[PDB]
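Q: This one's experimental. Sequence and coordinates below.
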Amino acid sequence: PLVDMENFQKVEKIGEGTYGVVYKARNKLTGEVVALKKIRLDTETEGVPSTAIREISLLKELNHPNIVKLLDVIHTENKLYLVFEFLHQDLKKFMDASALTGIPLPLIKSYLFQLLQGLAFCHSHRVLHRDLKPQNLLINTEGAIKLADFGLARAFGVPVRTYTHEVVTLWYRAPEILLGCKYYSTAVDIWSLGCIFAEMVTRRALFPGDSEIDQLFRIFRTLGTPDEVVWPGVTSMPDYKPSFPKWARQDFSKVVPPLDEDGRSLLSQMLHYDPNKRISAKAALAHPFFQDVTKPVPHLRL
Amino acid sequence: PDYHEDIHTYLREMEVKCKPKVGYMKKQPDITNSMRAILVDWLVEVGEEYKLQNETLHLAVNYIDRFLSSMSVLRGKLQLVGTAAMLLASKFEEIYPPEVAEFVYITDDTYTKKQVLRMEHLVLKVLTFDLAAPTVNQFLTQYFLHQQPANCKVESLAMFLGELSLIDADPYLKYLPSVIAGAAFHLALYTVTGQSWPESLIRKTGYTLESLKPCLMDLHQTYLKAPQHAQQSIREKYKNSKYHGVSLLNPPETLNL
Ligand SMILES: NC(=O)c1nn(-c2ccc(S(N)(=O)=O)cc2)c2c1ccc1[nH]ncc12
């Protein structure tokens, strides 16, 4: 363990958080560039963190071009290191750097196409990401994009119970969750992707809520307040209140102005209220919107 | 859902890999099937005390059997392996798993917080972090969707039968989860509604009632003798209202196969 770690040369810190830190490093013997996610274990003396347990075990079962590759795991006495392929930047940083010019629609199409491929792979392998947001999506200079950070990922061979205290980032949290549904489903990941799709298109977050109720209302305000017809069962959900304001569905051409007929079609299917009817990543891939997809290379301001 | 099929196919693929050595117990110099039975029965209790999911229990047993397939363990350390297994399964499956301290408590301070965490590391090493194992539970969940009139008593009884298989390494270690689940589903369905392994599940799994017979005969025998078994935590757990007291239901005399 200590031996393996000696073969690594830390280059620079590229990210931090509660999990620990992510460094860019180089294999001294092979020259391979890699990403090291360090996790200090003596921090909470509770053993290997649930997030590491889930990320490692689930990620090592997911080998796909659009899913960050876990190359290795070094478990010393006090540290746990996850070794991943290296990617230059996350989608959030890229979106910020593209504020002025905006991300070209052809590249947006390519990214969404790849994200759905990786997501479809996850789902067909009974894995729910549950935390799909711009900063957890990695991109390289070749025009590839991959799902990353499976710390909150869950296997669902057995239905996944919803956290009393939700975990999915607010802006990208699906309505079923906000309304207190009992279980997560593949639909919550698709919803997140939809929000991200729109964000790339308009240069602004689709539903930037300040709170759970504010999040919920911004959605209602854009997609219309759902009723038993649109979503059988809504009124019966835990946190649903009949006193909810009744807003009307805004015209999609005004919600995502830059999109064409196909683009609007796909996005609305990804933001469909009834999770049972919300489109699947598998089906989304067949949507005509990807009829002409290509693989443009981004202008990364590295 | 429509990943249903791709997932079943994947679970069927994975269950064949997380498979422990069927005859590992004869190679263990100090532990026996009876000691294992006692251990698993205790995990069921622990599960009830901490209100853990059934999936957690199933995963722990899977970890324990795989670890024992390649590591000699002595009487006095068997519980330490089991405790670490439960701790790992909890972190993997539970929303809010009990803390290490809690696991050390239910072992009546037989082991140290340090020993448990050290064992967690070793179990992870031995299992090479491959914790997302297919369980009888997962296959039962998949089969329940092919249940025309979804019956809660049938589900509870199938769960009960599936959980009983965890207790006896002999003969259940030689059957795949999907098969045990197949038998558990049929036996429960047959006992509660007189119906049998549905045509839809035959097509889905490729298992015929004939193919499930060997496992079915074994499970029926276990069901019949359940009241006489030395380990009783599962029967007690399943006479609770949340399981419609199905463990009190009388097993049929014959399966008429
Ligand atoms: N949380 C994570 O697991 C995680 N976060 N990053 C990450 C991504 C982008 C930046 S950046 N370019 O500074 O905005 C900084 C860190 C990676 C992760 C795991 C594998 C990785 N390979 N390459 C980067 C990377």
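A: Ah, there it is. Residues are numbered from 1 along each chain as shown, chains lettered A, B, ... in the order given.
Q: When you work out contacts or count neighbours from here on, use the C-alpha atoms and nothing else.
A: OK.
Q: Of all the residues in chain A, which one is nearest the ligand?
A: The ligand sits closest to residue A:89 of chain A, with a gap of 3.1 Å, by C-alpha to the nearest ligand atom.
Q: Pretty sure residue B:93 sits against residue B:55.
A: Yes: here residue B:93 reaches residue B:55: they are 7.2 Å apart, a contact under C-alpha atoms under 8 Å.
Q: Check the contact lists of those two and give me the overlap.
A: When C-alpha atoms under 8 Å, 6 or more residues apart in numbering or on different chains defines a contact, no residue borders residue B:93 and residue B:55 alike.
Q: out of these two, which sits in the more crowded spot?
A: Neighbours were counted for residue B:93 and for residue B:55 using other C-alpha atoms under 10 Å in any protein chain shown; residue B:93 has more, 26 against 20.
Q: got a list of what the more buried one touches?
A: Applying C-alpha under 8 Å, 6+ apart, one finds that residue B:93 lies in contact with A:154, B:53, B:55, B:56.
Q: Report the two of the residues you listed separated the most.
A: For the contacts of residue B:93, with distances taken as C-alpha to C-alpha, the pair at the greatest spread is A:154 and B:53 (14.6 Å).
Q: Give me the more crowded residue out of these two.
A: residue A:154 (24 against 15).
Q: Mind listing the residues bridging to the more buried one?
A: According to DSSP bridges, the residues that bridge with residue A:154 are residue A:128.
Q: At the contact with chain A, which residues of the stretch 101-250 of chain B appear?
A: Residues of the stretch 101-250 of chain B lying near chain A by C-alpha under 8 Å from any C-alpha of the partner chain: B:117, B:120-121, B:129-132, B:134, B:137-139, B:141-142.
Q: Going by neighbour count, which of those residues comes out on top?
A: Result: residue B:134 is most packed of these (other C-alpha under 10 Å), 27 neighbours.
Q: For burial, what's the neighbour tally of the residue of chain A closest to the ligand?
A: By other C-alpha under 10 Å, 20 other residues sit near residue A:89.
Q: do the same with residue A:293
A: For residue A:293, the neighbour count with other C-alpha under 10 Å is 16.
Q: ditto for residue B:240
A: Quick note: residue B:240 (other C-alpha under 10 Å) scores 13 neighbours.
Q: same question, residue B:161
A: Neighbours around residue B:161, by other C-alpha under 10 Å: 27.
Q: what do you get for residue A:14?
A: As a burial measure, residue A:14 scores 14 neighbours (other C-alpha under 10 Å).
Q: quick one: which helix or strand includes the residue in the stretch 1-150 of chain B that the ligand sits nearest to?
A: Nearest residue of the stretch 1-150 of chain B to the ligand: residue B:129, at 17.1 Å (C-alpha to the nearest ligand atom). Using DSSP states H and E, residue B:129 falls within no helix or strand.
Q: Now do the contacts for residue 239.
A: Using chain A here. By C-alpha under 8 Å, 6+ apart, the contact list for residue A:239 reads A:178, A:179, A:180.
Q: look at chain B instead
A: Counting by C-alpha under 8 Å, 6+ apart, residue B:239 touches B:245, B:246, B:247, B:248.
Q: again, but for residue B:127
A: Applying C-alpha under 8 Å, 6+ apart to residue B:127 gives the contacts B:63, B:66, B:67.
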